[PDB]
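What follows is a short report on a single structure.
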Amino acid sequence: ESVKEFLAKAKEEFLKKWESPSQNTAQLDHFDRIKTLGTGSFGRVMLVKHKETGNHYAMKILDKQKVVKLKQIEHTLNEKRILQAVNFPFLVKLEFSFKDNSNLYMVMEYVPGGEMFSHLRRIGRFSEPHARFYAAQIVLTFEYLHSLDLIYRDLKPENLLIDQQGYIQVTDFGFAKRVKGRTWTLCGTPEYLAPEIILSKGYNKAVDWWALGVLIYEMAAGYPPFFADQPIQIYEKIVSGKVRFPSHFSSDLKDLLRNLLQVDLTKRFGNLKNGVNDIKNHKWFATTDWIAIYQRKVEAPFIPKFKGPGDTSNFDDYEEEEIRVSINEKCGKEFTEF
Ligand SMILES: NC(=O)c1ccc(C(=O)O)cc1
Numbered sequence: 014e015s016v017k018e019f020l021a022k023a024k025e026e027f028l029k030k031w032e033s034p035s036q037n038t039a040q041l042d043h044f045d046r047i048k049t050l051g052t053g054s055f056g057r058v059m060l061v062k063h064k065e066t067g068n069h070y071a072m073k074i075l076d077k078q079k080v081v082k083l084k085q086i087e088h089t090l091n092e093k094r095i096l097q098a099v100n101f102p103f104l105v106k107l108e109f110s111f112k113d114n115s116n117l118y119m120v121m122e123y124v125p126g127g128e129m130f131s132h133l134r135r136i137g138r139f140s141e142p143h144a145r146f147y148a149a150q151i152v153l154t155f156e157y158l159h160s161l162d163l164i165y166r167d168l169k170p171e172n173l174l175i176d177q178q179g180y181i182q183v184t185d186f187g188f189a190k191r192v193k194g195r196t197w198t199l200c201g202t203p204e205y206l207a208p209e210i211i212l213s214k215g216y217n218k219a220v221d222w223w224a225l226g227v228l229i230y231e232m233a234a235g236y237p238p239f240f241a242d243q244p245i246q247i248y249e250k251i252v253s254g255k256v257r258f259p260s261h262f263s264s265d266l267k268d269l270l271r272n273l274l275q276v277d278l279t280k281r282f283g284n285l286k287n288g289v290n291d292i293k294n295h296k297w298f299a300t301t302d303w304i305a306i307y308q309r310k311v312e313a314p315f316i317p318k319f320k321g322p323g324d325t326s327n328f329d330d331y332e333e334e335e336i337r338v339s340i341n342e343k344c345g346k347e348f349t350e351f
């Protein structure tokens, strides 16, 4: 009942913000630009500093014309409407949002420890306790999101940032969607796609639990389970129903992963009658105190090394490009609700 009442309140609070979203809560000239932290085909993330408060933020800047051309309109509206409505310890917080003639802006908390991916690749692989600490945070986060009828759809090591306490913050809601039944869009990253996405089926929240299986495997092995040189080869391995486990994996880990990496979505852990509890009660998680993780009372496996809230040393170097704002409004109609 404690969990039921927690999730009921969580849904109430989400729905109030979902139905009446915040809009236009800052503007670009309130910020100084510091450094580009990441870049893609239609957007970038920039470390910025608020000129009045001195606080640092990660500002995601999306070019409206490129969002339209790459068919990401609905996805970008999803991302902002969801982010302004959610609240969970392991989700990066949206602090402000706004738009101008050229761009959409989501001003997020800055997480200076960098991507889990960087740390994983530095050290090679995580021990099972270390992987389990991060995995438990994802389990709770998906329990939260799924209870709100949200599917995340972009789990991968690059999207898990490590905070100043060594805990995970999930970023990038670009593929997240409120889905009460099924959905159909081809999205994600190849190594993490569930078979039913590859096969163009109407799919549901079970794809997130598949992706958790991939993530746990990659954390504990150092490489993902369906690895191959080209996407088509990855996809063939994903749909095959076969996975090879390193001998160093524990039997408990292998058993959990066989149940998460279950090709038949109707037999996949997280999607059975007991829902998330088949995962939370699995022997691989027997040492996990779920409440203590939620309350951030567990000592983390490591604290990232950084000098302060403005340190960018855990992120990498990109060409610094202009944030140009056209004299004419672009795509105003498409982004009216942002
Ligand atoms: N909230 C952040 O600190 C944050 C940092 C980097 C990125 C990226 O490179 O996409 C995203 C978010």
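Residues in the sequence shown are numbered consecutively from 14, following UniProt numbering. Just so it is clear, CB atoms sit at the ideal spot from N, CA and C, and this is done for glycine as well.
Proximity to residue 143 across 321, 72 and 301 peaks at 301, based on C-alpha coordinates. Within the stretch 242-304, the complete alpha helix (DSSP H) segments of 4 residues or longer fall at 244-251, 264-273 and 290-293, listed in chain order. For residue 84, there is no enclosing alpha helix (DSSP H), as DSSP gives it neither H nor E. Looking from the CA of residue 199, the closest CA among 340, 166 and 337 belongs to 166. Here residue 104 is bridged, per DSSP, to 183. For residue 122, the CB falls within less than 7 Å of some heavy atom of ligand 1. Partner residues in a beta bridge of residue 67, as assigned by DSSP, do not exist.
Residue 75 sits close to residue 55, with the two beta carbons spaced by under 8 Å.
For the 8 Å CB-CB criterion, residue 282 and residue 291 form a contact. Between the alpha carbons of residue 37 and residue 207 lies a distance of about 36 Å. Not one heavy atom of ligand 1 lies closer than 7 Å to the C-beta of residue 117. When rounded, the separation of the alpha-carbon atoms in residue 97 and residue 30 is 7 Å. In this structure, the beta-carbon distance from residue 58 to residue 82 does not fall below 8 Å.
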